[PDB]
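Hydrogens, waters and symmetry mates are skipped; everything else that's a heavy atom, side chains included, is used. All chains are named by letter (A, B, ...) in the order of the sequence lines, taking the proteins before the strands, and each is independently numbered beginning at 1.
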Number of protein chains: 2
Amino acid sequence: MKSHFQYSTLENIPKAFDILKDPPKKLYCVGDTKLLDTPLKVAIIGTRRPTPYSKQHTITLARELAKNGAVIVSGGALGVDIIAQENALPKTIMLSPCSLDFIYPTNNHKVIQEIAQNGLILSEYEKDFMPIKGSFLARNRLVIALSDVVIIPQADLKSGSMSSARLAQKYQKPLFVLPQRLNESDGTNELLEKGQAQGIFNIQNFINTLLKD
Amino acid sequence: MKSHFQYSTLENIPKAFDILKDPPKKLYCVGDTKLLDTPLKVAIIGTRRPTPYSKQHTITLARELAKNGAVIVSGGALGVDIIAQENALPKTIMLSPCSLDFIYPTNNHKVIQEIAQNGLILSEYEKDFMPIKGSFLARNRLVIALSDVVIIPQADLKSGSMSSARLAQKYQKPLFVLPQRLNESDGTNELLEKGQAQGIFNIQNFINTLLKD
DNA sequence: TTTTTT
């Protein structure tokens, strides 16, 4: 799917990426580049197939965080990503797994279009670059590096979310997950079990605690 | 409701009770007093209105602990209590909020009879004593005192279960809970949020670990 | 909750 986006490049690579082994040398952008100056950047990422429960609270988290002046960072994926990003508009930054001349995934075109229009989309890839396994992983590192705090509402084991979670730990980005029932959201519960993430037991509280930092 | 139980008195107060600031001077009993010598005593207490979710896992916890030679201690209450006790039979000990000549709650009369027959029921009250606000809270301290570990599958804030959690902490009895969604079990989630309880993220590993010590 | 619990 063609985006018909009119895109350029960032003048400067955000310093957040300096922590990376191989920081992007060039970033392509469409939308509000000033969002990159937001004091509080929060990643919300997770399963492409969230339960009604997780969706419900992903919406509250995104809306309230954006209401309090934070910007939500995600990857525009089906499920958790695109729920969080739509509900954070216009304060949201998407890192694309393809060049900005392409829309991916196709079914998210309306929201992604709105992000291009009122938020910000960034890509490491210049043109005619279709999503490929390595680019999904590559952009995942950018979501984590750019973000100050990482929220994973719901996630399975051995998922991309879990890889991103390990990146968050590597870079000491505070990691929070939604409380989840047994034998569901296995990935996030393992994070809780191993003390690698904190649970969000009260959304308004959680947010005020982030703000007071 | 009269029980028509034939009951006696324990020859003396079990040692576990001597931690209490006001230990029972006498305990009345019906059933198999040999259960008091079981190495591992585990309390399973909680809301009188468990979700299907909490119910299914309470059943597994109770059965598997019994299989592993543990005795399940509870108060024979509607909901979590009686589910665990019935599934722990015959290895279960009930602490009654009333004298043993009465059945409470009446809806549990069938299982309570089975506990008197094949398990053990204890009471601090000799006779003609119906349950009262004070006797539930008194009973709770005996559940906590007798038990080595306390599992609270699901509970509301400011509840009898929470009262028991407070006693568990006071008398250095380790707490454990089931993972619960946001706004379904505020009581147990608060325990998790304050690090006052540990979550059960795998029932089989939970049990094995208990056996280790 | 009348059918009982910080």
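Every residue meeting the side chain to side chain donor-acceptor pair (under 3.5 Å) condition with B/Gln180, not counting sequence neighbours, appears here in chain and number order: B/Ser54. Under the side chain to side chain donor-acceptor pair (under 3.5 Å) criterion, B/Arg63 pairs with no residue at all, not counting sequence neighbours. Residues satisfying the salt bridge (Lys or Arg N to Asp or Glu O under 4.0 Å) criterion with B/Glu86, sequence neighbours excluded, are absent altogether. Applying the side chain to side chain donor-acceptor pair (under 3.5 Å) test to B/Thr47 and every residue at least two apart in sequence or in another chain returns nothing. Judged as a side chain to side chain donor-acceptor pair (under 3.5 Å), and not counting sequence neighbours, A/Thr33 has no contacts.
Taking a 4.0 Å limit (strictly below) on heavy-atom distances, residues 160-180 of chain B reaches DNA chain C at B/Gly160, B/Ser163. Listed by residue number, B/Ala77 are the residues of residues 71-83 of chain B with a heavy-atom contact under 4.0 Å to DNA chain C.
The nucleotide whose nearest atom lies closest to any side-chain atom of B/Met130 is, among C/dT4, C/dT5, C/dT6, C/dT4. Side chain of B/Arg49, nearest nucleotide from C/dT1, C/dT5, C/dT4: C/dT1.
Residue pairs that meet the side-chain hydrogen bond (donor to acceptor under 3.5 Å, both in side chains) test with at least one member in residues 162-174 of chain A, sequence neighbours left out, are A/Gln169-A/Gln196. Under the salt bridge (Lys or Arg N to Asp or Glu O under 4.0 Å) criterion, the residue pairs touching residues 176-200 of chain A are A/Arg181-B/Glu184, A/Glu184-B/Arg181, A/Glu190-A/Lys194, with sequence neighbours excluded.
B/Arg48 has a side-chain polar atom (N or O) that falls below the 4.0 Å cut-off from OP1 or OP2 of C/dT4. One finds no side-chain N or O of B/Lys158 lying less than 4.0 angstrom from the OP1 or OP2 phosphate oxygen of C/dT5.
As judged by a 4.0 angstrom heavy-atom cut-off over every strand, B/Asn107 is placed among residues making no nucleic acid contact.
Side-chain atoms of A/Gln113 and A/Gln117 include a donor-acceptor pair closer than 3.5 Å.
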